[PDB]
C-alpha cells in the first residue's frame, strides 16, 4: 500500500540531495525546507489566519480604539516588502528549478499566505488586544524557515563552490530573513498605543489588572509578564495592594457554579454519582493539554543523550579520518570527507532541544498548577455553600473540627494530586524510553543497572521510615523541653523570688543535653548514611553496568557507549524514585474524595418547612400561623424523634407572645420550627416579613463591637446610639477601653455573659425586623437590667411595640407585661390565651407559678435614662474585603534595603567551631574532586579501549574506577558526620545555653513588657529550626555550589575560551537570583497570612449557622467566603509563577552553557587538538548543570528564611542581665540575718526609669521580730516595697540595710536566698511535691514532713498517692485547689531557715477557711521571725504590733494601732470608716 507513496515522493523532488530530513552536511535539505517547513507554516497561516479573521470580524467592536501610529504602517510596509521579495524570488526561478514541484509550491503558498497576513495585521491592530498568536508563530516559523534556507545555500556554496539559486537567490533570501526577523520583532516587542479618550476611566479600578491577560504568547511562554512584579518586589516590600487582580477565569463564583452544575448533573442524571468524575469532566481539558506537553517534554528530554552520542561519534570519526589521511598523504580520489559544519549544527541542535524542552515543560506546569487552583477554589466555595444548608441532624453528626478539616486538609490533598497526576503515565513512559535507549546503547548489560536501582528502592524506603521515627522522637523531646520552658516562664516571678533559677536550669539542661541532643546525634548519623547511599548508588549503577559489559561483550567500551550511558542512568534515577510518592498521593486523595463525597451527600434542610411571605400591615394581623395539628421531627433518620406534636400556635403583629416551659419542654424547638430548622411531616406553617433571631447562647463575630451590632446593615448614627441606650449598653461600652472600636470574641476582649447577651440583643434591635424570635435572652441578664430591657425594647412602650415578638422565657417580669401566653409541655401545646384570661382562671398551673414566687444604685443606673412603623434596616453594599496587615508594614520599616545581615552568618559560624567548618567544607571539595577524577579516569579508560579496539586490562581499569567512586562516597559520609556531630550540634548546644542563661538572668521588666508567648515561641520554634533545618540548608547549598564550581572548571579546562561565556551568564544568574530571593520570600509571606482567615471564618460560620440562617444573611456570608478565597489566591497565583519565572531563566542559561561548551569544543576540533574523550567529559557535565542551578537558588531562599532564627536567638542572648548574683568579697556571714533589723535610709525607687517614683524618702526602722502591717490605697505603691527588699527593681535613691550591712553591695543570690517569702502570685511548678518544696534538696525529709504537718498539708499529700513526697502535680497545679496552693507556698516559706518573712496578699481573697489556718500558722509558728504583712483587708492588720501607712510613696504615718484609732482624723481611721470597721469600734 505504501509502495506507491515511496515512488510518488520521487516525482515531487528532483534535487540530488533528496527529500530526507537531515542532509550529509547536517542541515535541512533544500527540498525539505521548501517542501515541509515553509509549506506547513503557510498552511498553518492560511487555515488559522482565516479562522482568526472571521472571529475578529464576527466579534463586536469593543469601542476601545488604538491610535494608528508608526507601528501599523511599519508592519504593513514590511509585509508589502516581503511580498515584493517573494515575487522577485519567484521570477528568479530558473528553467531547471521550475521542474521541482516543492519549490514552486512553496513560493505559491507563501505568496498566498502573505496576503492573509497583510489583512490580519490590520484587523489585529484595529480590534485585538494582544498581538495575535497566529501572526507571531507564522513569522517565527518563516524566520526559522528562511534562516535554514540561508544556511543551506551558504553551506552548499562553501563546500561545493556553486550557488544553488545564483547570487540573486542568495541575496533575496538574506533580505527575506532580515525582513521576517524585523516583522517578528515589531510584532512582539512594542506596546500597543491607545487613544486619549478612554483614559478617564482608569481611576475607577481598585487594583491594577493582571498583566497575564495582556501578555502575548511569547510573553506567556517566557513568563516575562512576571518581570515587572519581580522588579517591584525586589525594590520594596510587597503590600497587598501591589498584587494584581486574578485573571478573568479565576473568580471563585464562576468556578464554583461550574462545578456545582456538573455535580448536581451527576446527582440527577446518574444512579451512581461520583464527585471525581464531575471534577474531571469540568477541569479535564487543561489536564489533557498538560499531558500533551509532558509527552513532548519526555521525548525532548531523552533526545539529548542521543545527540551527545551522535556528536561523540562525529568527533571520533573526524579525528579518525584526519589521522588516517594524514598518515597516508604519501599517495596521490578520496571520498567526500566529513564536513566540520555538521559538528556545529549538532551543537546548535542541542540548544534547540534544550530551549523547546524548557518551554513545553513550564507550559505543562502552568496548566497543571492552574488546574490545581481551580479545583481548590471550586471545592472550597462548594463546601461553604453546602455548610449553610446542612440539616441540624448532620451538623450534630459531625464535629466542627472535622468539617473545617475538609476545607483545610482534603482540598489541599486534591490540589497536590494535580501536581503528580500526569506521572502515572509519564513515569512508565520515561522508563520505557530509557530502557529502550540503554538496550540499543549497551545491550543486555543495562539490566544489571536496573536491578541495582530496583533493589535500592526498598532500602531507600526503609531509611525514610526510620528517619521518620527519629523525627517523631525529636518532636516529642521538643515538646518536653517546650513544656518545661513554659512552666519556668509562666512562674518566673516565684522562681526569682525563691532563687530557684539554678535547679530548674539544671533540670532543663538535663532534658536538653541528655535526651534531645543524643537523639539529634542519632538523626545526624542516619542522615549521613542516607547521604552515603544517595552518593554511592548513582556510581554503583554505572560501575556494575560497565563491569558486566566488559566481560560479557566483545565490543570495545568506547566513549559513545559510556558518557551517553551515564546521562541515561542519571535521567533514569528521578522517575523511578517518584513512584512511591505518586502512589501515596493517590491513596491520600482517594480518602479525601471519600470524605468530600460523604459530606456533600448529607441531608439538607427541607426548603418548604415554612412559607415565608411579605410582612403583614395592620397591628393585630396574624404574622405567624402554625396549625392543622402540625407535627415536626428533630430527625428523619435513623430515629423519628417527634420534636413537636399538635401545634396550633398563632401570634399577632405588635403583640408579645411568650412560650413557657422547662428546658427541653419544646420552647426552643418551636422557635427552631419558625426558623425552618426542623423537618415538617404534617401541617402548615407561615411566617410574615423579615425575621430577627437571638440564640440562647449569644453568638458573636470576632470583629468589632460596631460590626457585631450592624451585622452587615448600613450605619445610622441616631438609631445606633438609640439602640445602645435602649439596651443599657452605654455603661458597658464606656467601660471598654476603645469603646465600640474594641475587638470582640476569640481574638479580642472576652465579654461577660450578661454583657455578651446585651450585645446579642442589641444586634437584633438594630435590624428593625418585622418578626423577633427570642430564645430566652434574659437568662444571663440582671433583674433591674431586664426590667430596663422590658421597658425600652420588649414592652408596649418600647422601640419594638409595632413589631411581632416571640419571647421564649419563663421569668415573671416578662410574663406580666406579655400579651398572650402559650403553655407548651413536652412538645405539646396545652392551651393559650390572653394574660387576663388566665388571671381569672387561677386554677390552672400557669397562675400557680406566679403565686409561689411571690415577693438602689444599680437599679437607678439601669433606669438612669409616635414614630409609626420603624422602617427596616438596609443591608450595606457587599463590595470587597482587603486584608489588613498594617502592623506587619510597621515591622518592615526598612522598605527593603534588603542587604544581607552578614553579622548573623559570621556569628553562627562562630557558634559552630570555625575549625570544624573548614574541615566540613574541605571534605565537600575532596568528595567532588574524587568524583570528577572518577570520570576523568573513565575518560582515559574509554580512550584506551577505543584506541585498542578491545578491553585490555579490564580488572585494572575497573578496580581503579571503583576505588575513586568509593573514595567520593566515603568523603560524603565523613562530610555529613562532621556536619552533625561537630558543627551543627555544637552550635545548638552553644546557642541554647547562651539564650537560657541570658533570659533567666534578665530583669523582670523584660518579662513584663514582652509577651510570655513570644518568648516561649523563640525557645521552641527557633531552636528547632537551628537544630534540624539550618544545618541541612547550608550543606545542600555548599554541596551544590561546589558541584557547579567543579563543573565550570572541567569545561574551562577542555576549552579555555569558555571563560568569556561564564562571566556574562554569571551576572545574569546573580541578577535573577536576587530578584527571586526577595520577591518569592515576600510572596510566600503574603500567601501564608492570607490562608488562615479562610479557615477561621469558616469555623466562625459553623458556630452560628442558626444565626446566619435566622437573619437570612447567607448571601453576605457566602460572599465573604468567596472574597477571602480570592484574596489568598491573588497571592498564590504570582507566588507559583515566581518559580516558573526563575526556572525558565536558569534552564535558558543552562541551555546556553550547553551551546557554548559544544560550539567551542567543535572550534577546538578544527585546531585538531580535540579528542573524543574531551568533548564527552566536558559536555556530559554541562548537561547536568541545569538542576544544580535550581538547587542553589532554592537553597539560598531556605537559608535566608531560617537564618533569621539565629538573629532572634542572639537578640535575647544580648539582653542586659540584672545585677550580679554573687559578689565574692561582700558575701554575708552564714548567720546573716542575725536579728532582722530593717533600716531604710531615704529610700526611693521607680518601677521603670520612665515611670514616676513609687517610694519617696522611706525612713522606716523595724525593731527585730515585730509584726509590721502595710496599709495603703490602690496605686500607692505598697506592693513595690516587696520588690525593693529583694532588689527585684534597683534602688533609684537611698539604700536598705539589713543587720548593719547594705544589701546593695550584696549579690542578688545571697540577698534573695536568705529571706522567706509568701508571694502574691501563688504558683506551682509541674513536678512532684518534693520538687515544689525543696528542688535544691537542702533539707531532710523529716523537716519536710514537719513543714507539711504545720501547713496541714501532710494528710493531703499522702491522700493523693501512697508514695507521699514523690506524688506528681499537674501542670499549673490544676489538681490542687487555689487555697491548697497558698498552703503549699506556706510550706515553702516555713522551711527556709531565716529570720525575715514578707507576706503579700494584695489580692488574695479566694477563701476564708484557708485564710484562717494560714493566719493561725503565722501567729504560732513564725514567732521568731520579723514578719512584714501586706494585706488588702485591714482586719488582718488590726492585731499587728506596728503599722505602716503608705500614701503616695511617702511615710504617711508610722504609729501603733492604738494611736491610729485614737486619732479619728488619720488616714488609717478614714480608711477603716470606708470599710465600716469604725462602726464596729
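Using the numbering of Swiss-Prot, the residues shown for chain A are 1-332, 335-857, 882-891, 900-1515, in order.
Per the header of the entry, the method used was electron microscopy, 3.2 Å.
Even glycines carry a Cβ here, placed using N, Cα and C.
For reference, Swiss-Prot has these:
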- 663, 664, 665, 666, 667, 668, 669, 670: ATP 1 binding site (BINDING)
- 1306, 1307, 1308, 1309, 1310, 1311, 1312, 1313: ATP 2 binding site (BINDING)
- 626-853: domain 'ABC transporter 1' (DOMAIN)
- 951-1235: domain 'ABC transmembrane type-1 2' (DOMAIN)
- 251: phosphoserine (MOD_RES)
- 903: phosphoserine (MOD_RES)
- 908: phosphoserine (MOD_RES)
- 911: phosphothreonine (MOD_RES)
- 914: phosphoserine (MOD_RES)
- 1-32: topological domain 'Vacuolar' (TOPO_DOM)
- 54-73: topological domain 'Cytoplasmic' (TOPO_DOM)
- 95-99: topological domain 'Vacuolar' (TOPO_DOM)
- 121-130: topological domain 'Cytoplasmic' (TOPO_DOM)
- 152-169: topological domain 'Vacuolar' (TOPO_DOM)
- 191-278: topological domain 'Cytoplasmic' (TOPO_DOM)
- 367-422: topological domain 'Cytoplasmic' (TOPO_DOM)
- 468-530: topological domain 'Cytoplasmic' (TOPO_DOM)
- 552-572: topological domain 'Vacuolar' (TOPO_DOM)
- 965-1001: topological domain 'Vacuolar' (TOPO_DOM)
- 1024-1066: topological domain 'Cytoplasmic' (TOPO_DOM)
- 1110-1180: topological domain 'Cytoplasmic' (TOPO_DOM)
- 1202-1205: topological domain 'Vacuolar' (TOPO_DOM)
- 33-53: transmembrane segment (TRANSMEM)
- 74-94: transmembrane segment (TRANSMEM)
- 100-120: transmembrane segment (TRANSMEM)
- 131-151: transmembrane segment (TRANSMEM)
- 170-190: transmembrane segment (TRANSMEM)
- 279-299: transmembrane segment (TRANSMEM)
- 346-366: transmembrane segment (TRANSMEM)
- 423-443: transmembrane segment (TRANSMEM)
- 531-551: transmembrane segment (TRANSMEM)
- 944-964: transmembrane segment (TRANSMEM)
- 1002-1023: transmembrane segment (TRANSMEM)
- 1089-1109: transmembrane segment (TRANSMEM)
**Complete:** To the nearest Å, Cα residue 857 and Cα residue 882, with 24 residues unmodelled between, lie apart by 17
**Request:** Counting other Cβ atoms within 10 Å, pick out the least crowded of the recorded positions 251, 667, 908, 1313.
**Result:** 908
**Item:** Conformational class of residue 1306 (ATP 2 binding site) under the three-state DSSP mapping
**Value:** strand
**Request:** Across the 2 residues missing from the deposited entry, can you see how many angstrom lie between the CA of residue 332 and the CA of residue 335, as a whole number?
**Result:** 8
**Region pair the transmembrane segment (170-190) / the transmembrane segment (74-94), three or more CB pairs under 8 Å** = yes
**Asked** Between the transmembrane segment (131-151) and the transmembrane segment (423-443), are there at least three Cβ pairs closer than 8 Å, leaving out pairs fewer than 6 positions apart?
**Response** no
**Item:** Shortest C-alpha distance to residue 669 (ATP 1 binding site) - which of the modified residues 251, 903, 908, 911
**Value:** 903
**Message:** Does the transmembrane segment (100-120) come close to the transmembrane segment (33-53), meaning at least 3 CB pairs under 8 Å for residues 6 or more apart?
**Reply:** yes
**Fill in**
Those same-chain residues, other than 663, 664, 665, 666, 667, 668, 669, 670, found with Cβ within 8 Å of the centroid of the ATP 1-site Cβ atoms are 671, 826, 828
**Prompt:** Which whole-number value in Å describes the separation of the CA atoms of residue 891 and residue 900, between which 8 residues are not modelled?
**Reply:** 19
**Request:** Just name the most isolated of the binding-site residues 666, 668, 1306, 1311, going by other Cβ atoms within 10 Å of its Cβ.
**Result:** 666
**Asked** Closest of the recorded positions to residue 663 (ATP 1 binding site), Cα to Cα, picking from 914, 1306, 1311?
**Response** 914
**Complete:** Here the recorded positions are 670, 903, 911; the one whose Cβ sees the most other Cβ atoms within 10 Å is 670
**Request:** Output, ordered by sequence, the same-chain residues six or more apart from residue 664 (ATP 1 binding site) with a CB under 8 Å from its CB, or 'none'.
**Result:** none
**Asked** So which residues does the topological domain 'Cytoplasmic' (121-130) touch in its own chain, when a touch means Cβ under 8 Å and the partner is 6 or more beyond its ends?
**Response** 52-53, 56-57, 59, 61-62, 66, 68, 71-72, 75-76, 79, 192, 213-216
**Prompt:** Of the binding-site residues listed here (1309, 1310, 1312), which is spatially closest to residue 914 (phosphoserine) when Cα positions are compared?
**Reply:** 1309
